[PDB]
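**Q**
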Amino acid sequence: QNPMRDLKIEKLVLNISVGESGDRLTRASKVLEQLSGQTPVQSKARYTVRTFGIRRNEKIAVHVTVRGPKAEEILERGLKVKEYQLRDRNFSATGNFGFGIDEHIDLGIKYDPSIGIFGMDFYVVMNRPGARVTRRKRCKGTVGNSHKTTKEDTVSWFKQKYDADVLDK
Amino acid sequence: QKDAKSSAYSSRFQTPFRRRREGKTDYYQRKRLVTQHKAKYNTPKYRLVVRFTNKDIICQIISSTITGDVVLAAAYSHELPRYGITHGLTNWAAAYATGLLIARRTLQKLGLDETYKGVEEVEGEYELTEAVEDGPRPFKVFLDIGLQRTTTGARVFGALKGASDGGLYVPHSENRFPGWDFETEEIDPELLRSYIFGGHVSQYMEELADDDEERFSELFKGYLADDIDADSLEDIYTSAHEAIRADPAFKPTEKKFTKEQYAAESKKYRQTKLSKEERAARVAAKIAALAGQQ
Amino acid sequence: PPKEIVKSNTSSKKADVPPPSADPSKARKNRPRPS
Amino acid sequence: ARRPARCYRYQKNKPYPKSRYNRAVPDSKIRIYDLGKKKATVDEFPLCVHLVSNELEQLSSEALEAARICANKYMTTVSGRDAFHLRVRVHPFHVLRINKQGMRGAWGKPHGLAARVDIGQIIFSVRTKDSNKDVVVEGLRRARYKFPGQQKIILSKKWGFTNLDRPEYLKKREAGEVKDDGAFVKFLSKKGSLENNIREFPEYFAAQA
Amino acid sequence: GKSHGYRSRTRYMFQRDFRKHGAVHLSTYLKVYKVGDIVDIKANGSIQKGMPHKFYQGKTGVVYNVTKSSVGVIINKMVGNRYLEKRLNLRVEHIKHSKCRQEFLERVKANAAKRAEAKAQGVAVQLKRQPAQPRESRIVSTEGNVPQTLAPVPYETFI
RNA sequence: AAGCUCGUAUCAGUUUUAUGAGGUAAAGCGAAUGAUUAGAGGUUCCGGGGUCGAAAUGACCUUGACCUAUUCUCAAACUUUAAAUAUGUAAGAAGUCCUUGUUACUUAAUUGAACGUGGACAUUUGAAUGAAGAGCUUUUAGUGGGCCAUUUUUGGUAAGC
RNA sequence: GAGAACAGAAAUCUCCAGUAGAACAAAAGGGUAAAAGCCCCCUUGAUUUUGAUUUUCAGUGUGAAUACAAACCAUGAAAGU
RNA sequence: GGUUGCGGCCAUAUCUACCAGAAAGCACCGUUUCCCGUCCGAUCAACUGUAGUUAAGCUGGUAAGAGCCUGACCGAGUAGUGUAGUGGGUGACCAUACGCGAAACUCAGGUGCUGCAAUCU
Ligand SMILES: C[NH+](C)c1cc(NC(=O)CNC(C)(C)C)c(O)c2c1C[C@H]1C[C@H]3[C@H]([NH+](C)C)C(O)=C(C(N)=O)C(=O)[C@@]3(O)C(O)=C1C2=O
Ligand SMILES: C[NH+](C)c1cc(NC(=O)CNC(C)(C)C)c(O)c2c1C[C@H]1C[C@H]3[C@H]([NH+](C)C)C(O)=C(C(N)=O)C(=O)[C@@]3(O)C(O)=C1C2=O
Ligand SMILES: [Mg+2]
Ligand SMILES: [Mg+2]
Numbered sequence: 006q007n008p009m010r011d012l013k014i015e016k017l018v019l020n021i022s023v024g025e026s027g028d029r030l031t032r033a034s035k036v037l038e039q040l041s042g043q044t045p046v047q048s049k050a051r052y053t054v055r056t057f058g059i060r061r062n063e064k065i066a067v068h069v070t071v072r073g074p075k076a077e078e079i080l081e082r083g084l085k086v087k088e089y090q091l092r093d094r095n096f097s098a099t100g101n102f103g104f105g106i107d108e109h110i111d112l113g114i115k116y117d118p119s120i121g122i123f124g125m126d127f128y129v130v131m132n133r134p135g136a137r138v139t140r141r142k143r144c145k146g147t148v149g150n151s152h153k154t155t156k157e158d159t160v161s162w163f164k165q166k167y168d169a170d171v172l173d174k
Numbered sequence: 004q005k006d007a008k009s010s011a012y013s014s015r016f017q018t019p020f021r022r023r024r025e026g027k028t029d030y031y032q033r034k035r036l037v038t039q040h041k042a043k044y045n046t047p048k049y050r051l052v053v054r055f056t057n058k059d060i061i062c063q064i065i066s067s068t069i070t071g072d073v074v075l076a077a078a079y080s081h082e083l084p085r086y087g088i089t090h091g092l093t094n095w096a097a098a099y100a101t102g103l104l105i106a107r108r109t110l111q112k113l114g115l116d117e118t119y120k121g122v123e124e125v126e127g128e129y130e131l132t133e134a135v136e137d138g139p140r141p142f143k144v145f146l147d148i149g150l151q152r153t154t155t156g157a158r159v160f161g162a163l164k165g166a167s168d169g170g171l172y173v174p175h176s177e178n179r180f181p182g183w184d185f186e187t188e189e190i191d192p193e194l195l196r197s198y199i200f201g202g203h204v205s206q207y208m209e210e211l212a213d214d215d216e217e218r219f220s221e222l223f224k225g226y227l228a229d230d231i232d233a234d235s236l237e238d239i240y241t242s243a244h245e246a247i248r249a250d251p252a253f254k255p256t257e258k259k260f261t262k263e264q265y266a267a268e269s270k271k272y273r274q275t276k277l278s279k280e281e282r283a284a285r286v287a288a289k290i291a292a293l294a295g296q297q
Numbered sequence: 021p022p023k024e025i026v027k028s029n030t031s032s033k034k035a036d037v038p039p040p041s042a043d044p045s046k047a048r049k050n051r052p053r054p055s
Numbered sequence: 002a003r004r005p006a007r008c009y010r011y012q013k014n015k016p017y018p019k020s021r022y023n024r025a026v027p028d029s030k031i032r033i034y035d036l037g038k039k040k041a042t043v044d045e046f047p048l049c050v051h052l053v054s055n056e057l058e059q060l061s062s063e064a065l066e067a068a069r070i071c072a073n074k075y076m077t078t079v080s081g082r083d084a085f086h087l088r089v090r091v092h093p094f095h096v097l098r099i100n101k113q114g115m116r117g118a119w120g121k122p123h124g125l126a127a128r129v130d131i132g133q134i135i136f137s138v139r140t141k142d143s144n145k146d147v148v149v150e151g152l153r154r155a156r157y158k159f160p161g162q163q164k165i166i167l168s169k170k171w172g173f174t175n176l177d178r179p180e181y182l183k184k185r186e187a188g189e190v191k192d193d194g195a196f197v198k199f200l201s202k203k204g205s206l207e208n209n210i211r212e213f214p215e216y217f218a219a220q221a
Numbered sequence: 002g003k004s005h006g007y008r009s010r011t012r013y014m015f016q017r018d019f020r021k022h023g024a025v026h027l028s029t030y031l032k033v034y035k036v037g038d039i040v041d042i043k044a045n046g047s048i049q050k051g052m053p054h055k056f057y058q059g060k061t062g063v064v065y066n067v068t069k070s071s072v073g074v075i076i077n078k079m080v081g082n083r084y085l086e087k088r089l090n091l092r093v094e095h096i097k098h099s100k101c102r103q104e105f106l107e108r109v110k111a112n113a114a115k116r117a118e119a120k121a122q123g124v125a126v127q128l129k130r131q132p133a134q135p136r137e138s139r140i141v142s143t144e145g146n147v148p149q150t151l152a153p154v155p156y157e158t159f160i
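Chains as they are written, first to last, in UniProt numbering: chain A, 6 to 174; chain B, 4 to 297; chain C, 21 to 55; chain D, 2 to 101, 113 to 221; chain E, 2 to 160.
(1) Is the CB-CB distance between residue 39 of chain E and residue 67 of chain E below 9 Å?
(2) Which bits of chain B does residue 145 of chain A rub up against, with CB to CB less than 8 Å?
(3) Assign residue 21 of chain A to one of two classes, buried (16 or more other C-beta atoms within 10 Å of its C-beta) or exposed (fewer than that).
(4) Taking the alpha carbon of residue 101 of chain E as the reference point, which residue from E:51, E:61 and E:23 has its own alpha carbon closest?
(5) Taking 7 Å as the limit between beta carbons, can you name the residues of its chain near residue 137 of chain D, skipping five residues before and five after?
(6) Within 10 angstroms of the Cβ of residue 168 of chain B, are there 16 or more other Cβ atoms? Answer buried if so, exposed if not.
(7) Note down, in chain order, each residue of its chain lying with its Cβ closer than 8 Å to the Cβ of residue 18 of chain B, except the 5 sequence neighbours on either side.
(8) Where does the unbroken beta strand (DSSP E) through residue 22 of chain A begin, and where does it stop?
(9) The alpha helix (DSSP H) that contains residue 79 of chain A, what's its start and end?
(10) Cβ atoms of residue 213 of chain D and residue 186 of chain D: under 9 Å apart, would you say?
(11) Of the residues that make up the region 32 to 51 of chain C, which ones have a beta carbon closer than 7 Å to any beta carbon in chain A?
(12) At which residues does the alpha helix (DSSP H) containing residue 101 of chain E begin and terminate?
(13) What would DSSP say about residue 109 of chain A, mapped onto helix, strand or coil?
(14) In chain B, which residues lie less than 8 Å from residue 156 of chain A when you measure between Cβ atoms?
(15) When we look at the beta-carbon of residue 8 of chain D and count the other beta-carbons within 10 Å, is it buried (16 or more) or exposed?
(16) Using DSSP bridges, identify the partner residues of residue 95 of chain D.
(17) Per DSSP, which residues does residue 92 of chain E bridge with? Please list them.
(18) Whole angstroms are fine: how far does the CA of residue 198 of chain D sit from the CA of residue 155 of chain D?
(19) Going by DSSP, what residues sit across from residue 78 of chain E in a beta bridge?
(20) Would you call the region 31 to 40 of chain A in contact with the region 50 to 57 of chain A, where contact means no fewer than 3 C-beta pairs closer than 8 Å?
(21) Quick check: the Cα distance between residue 41 of chain A and residue 28 of chain C, rounded to an integer number of angstroms?
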């Protein structure tokens, strides 16, 4: 049935890939500080691409992991600026979903003329309660087949909550 | 999900050891703990194995044999309420009491109890059990934590200090007990005495009873049921310490509904395997059920 | 102060080589071009 | 150029194939290994005829291609192109070497490719109908004219190329445990899963004729 | 051009067994060797420290020294016109016991037992082993077993 | 060659019994790596070329690619398996068992380790067969161009190479 | 593999599968998965005194390595290394 | 007979799909004051056993299951190999005599056993 396996939000990840180093990346980190209320972590390149203008071991992106009530309020603000419609793709086959916003002034803080415009990627993952069995150290395991939330379960939950709608497929 | 692994993969697959596969032991650590200096030839290396479940603390003295590890002494936090501690069976004071209990139990069993009295004036100071001159050396065991983190302020180190105060020569340093401020690089005797005598639970009780009645009530229902006041934790923990110093001998339970009754009736719901003719009968029944091109 | 923190990559390759999934022959022509 | 197969005839060296240690070798002369109606079924072609070796030797890749052409040309000219399936059962993997002052530094460059053939090893296999025995035997006689050594034309009494001599293949087919694949067959075993055995062979698990 | 290193020609010699890679086990760590024991040398590839030379692989010797993590084994090796004694310092993962030696101990215990009874009842001992005596006189019953006649088969080619 | 100490339980270009070790011949590729012939089915996921109403972030396809189950042939520098022949050790008296002596080693310890005292172990002292002796030492010569035959094998087309 | 603004074949982030198909400075072989790989903390056993042993071997040297002993250290909660 | 802690052998134990688990235990689980640790009380640390749950973990069963293990007079005394011949054959190579002797294939069976200590209708 459904005693306690209903669903829950595990974490929300805010990702900004500025593609260069310096003032732009630092200002993106300040945007993440002011939005999440939490120190952002700067992600680093993997290999050089000539067309991308990136170099190996050069700081490229920045991301924040948030959990709990702050995760749900950030998700609510993101869905509010995304007018509660999400394109079905937008719900990956392992149930985790996400979207992307441009011109982050649409939610929250004013422009702060010294930082700039930074679009960001919202990515959210969900789990049924009991993912500690595959995350903990001693006596690891894998969740069973009446678990590991699917696309249909996620879209059913996302149509039950939030009063949202989906697209064609 | 079309990720079924191939027969070649399953044939070349080397399974790990049983305990590594069930994720209970670290064999690197086990090797280094139980390999003996070969010039002693028979002396077992004795492990103070400390484990923590969600509701119990298991503290054992284990030696290693080719046929399998054997137990010299055992002490359980669900046996602690016989002494003095009816609540908080997995706290720091329970860990210290279990270490004291296992140390006194193994010394009573080995007949090393008249000497090596330990402390009896528990003060939260760091000392090693010095060997008594012209007498037997102290019993040497090595702490087996297992897989848990060796962070500062760990109940396994609470049990370590319990054994060290009980009289077992555990080799250890003081940079893992609570109150070890690395800025000052010494120990805090007052804070460590508070942690031994359960001071953090006491300050927690007075803070909750001052601020939130519903959270204090919800977490401490059994405390209010026994009417145990917020300032009697040190009284009951001390009285438990001298009860441990009095009688560290294992009293088994009443053992009602004996072993053969347990085997005969308490476990009969295990579903029995079939044999060859029954398996062939199920195969033929499925052939009859799936007969036809439907 | 602006505390700086780095992502510790769980990768072992130290060669400066793109993966074989980066073949430029593999490319979706007739991708929707912006109007 | 073109040294004799009499100086490359016997198996004298270890097998020396194309590997990471032996590069820049020339490609073999034989590229096609199946001729005739290669999409036909074992139900279509019952009789097997084998050209088999009787000496331990080395057949040249180009000897294989020359005998393959003369055989296929004769069979196609006499009995048509769809009356037979010819499969060559040896592949040239042994790189043969040529030396080309004195014996100092005598290790040579790669020269050609050859297939090492053992005693009792099938070189050519032809499956056909029962009426075409004479034309298949004559075509393989031309093939044994062009190969070196002594060879034998044997009438293989297996249904087609596979296995399971003609009474056994009959009993399997009218039992129904044989399924027609492209140019071969699949067999029902009593060791698989029941579900996929049902949905792969319904005729055995029905009361059909 | 030519090389004789410490581990030349030791590819398949120091490979592990199939589906036997990884950690070596605590039985081989907890077995005890005392001075005078007879041990067999087969190198384990996982532990690189203390490994023997390739000459001593699969070789039997007497342990003479027992120390912290290794044992010393005396091996006779043939060079020239003489055997030389060699004193190897090998670790306990490369050292294993000798089942010929344990069976010899069980046989000496059995022999001591057998002589103890044979002295108690006053009968001759018959202690040393005898090799396979040929056979004895026997009777075979045709009842239920009539000899079936076999003949050589003709030549039928299977291919 | 000169011998010397013993001719007192010592050995063997040998076999058995017990126990090891190896990765060569074979074999294998519907088992990993590499090579490789041929069809069958599938990918409503357009990789490439089309067609259908110039349309299609649409269908009907061809064709690759990929996957699944098969199929033919291999590998000195591939391998799960794995010989035969050669190869290590042992077959007690310098051995086994029982009580108790030393130690600064070791142990929580009158526990262990090593070496011991004392006592028990005969018409089989603990497989076979042989011994025209066993062991040891000194001194010194000549030699330090080799060649052929059976089998295994390298380079070479091959060679009385 | 499935997804997420710009972002596409490939920039960053997740989840799942993943017996090692990666990495271990270099040639090849062997070995290694709660590590011998990748990040972090502390360090200088890359130290002193000479002996014994293995490999090539005449059982000489050189080089390399192995196991100890007497010290003094490093690290770790500790066994240990 | 279960369950826990520590294990021995290290797939007869693994993998895939689906069912069952009364008691206890284990687990999931609740909170952030302290010790502590992170970008993040997710892991880790600490406190309670209370608010609940067997949904997962775990255990066991089923599958003409994949794999793995054992055996066979199944293949096969076959391939291969020592030793011998003034044996054969132009040779390649083959046969015989005295010995040893596989692997794949086929078929059948099986799908963890066990040591110490504690606890359980
Ligand atoms: C049968 N005898 C002639 C003999 C033979 C051998 N050696 C052999 O077997 C022959 N050697 C070959 C095998 C041919 C190389 C022998 O080796 C011996 C002996 C005799 C023993 C006698 C022993 C004896 N005690 C203990 C029974 C004895 O009285 C003394 C003594 N206390 O003085 C001994 O000398 C004695 O112990 C001894 O030494 C003998 C032999 O060694
Ligand atoms: C194996 N047999 C041949 C043997 C071997 C040795 N020596 C060895 O074991 C080998 N020597 C080493 C220690 C390895 C250097 C031996 O030393 C002996 C013996 C034989 C015995 C027989 C003894 C015997 N016992 C029962 C008293 C006996 O009857 C007499 C006697 N009183 O007449 C003996 O002669 C006897 O005592 C004896 O001399 C033997 C040995 O010494
Ligand atoms: Mg004598
Ligand atoms: Mg004597």
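C-beta atoms are modelled at their ideal positions from N, C-alpha and C, and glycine is treated no differently.
**A** With the structure as the only source:
(1) no
(2) 26
(3) buried
(4) E:61
(5) 49, 51, 88, 90 and 173
(6) buried
(7) 24
(8) 13 to 22
(9) 74 to 86
(10) no
(11) 36, 37 and 38
(12) 100 to 121
(13) helix
(14) Chain B residues near residue 156 of chain A: none, gap ~12 Å exceeds 8 Å.
(15) exposed
(16) D:126
(17) E:71
(18) 32 Å
(19) E:85
(20) no
(21) 21 Å
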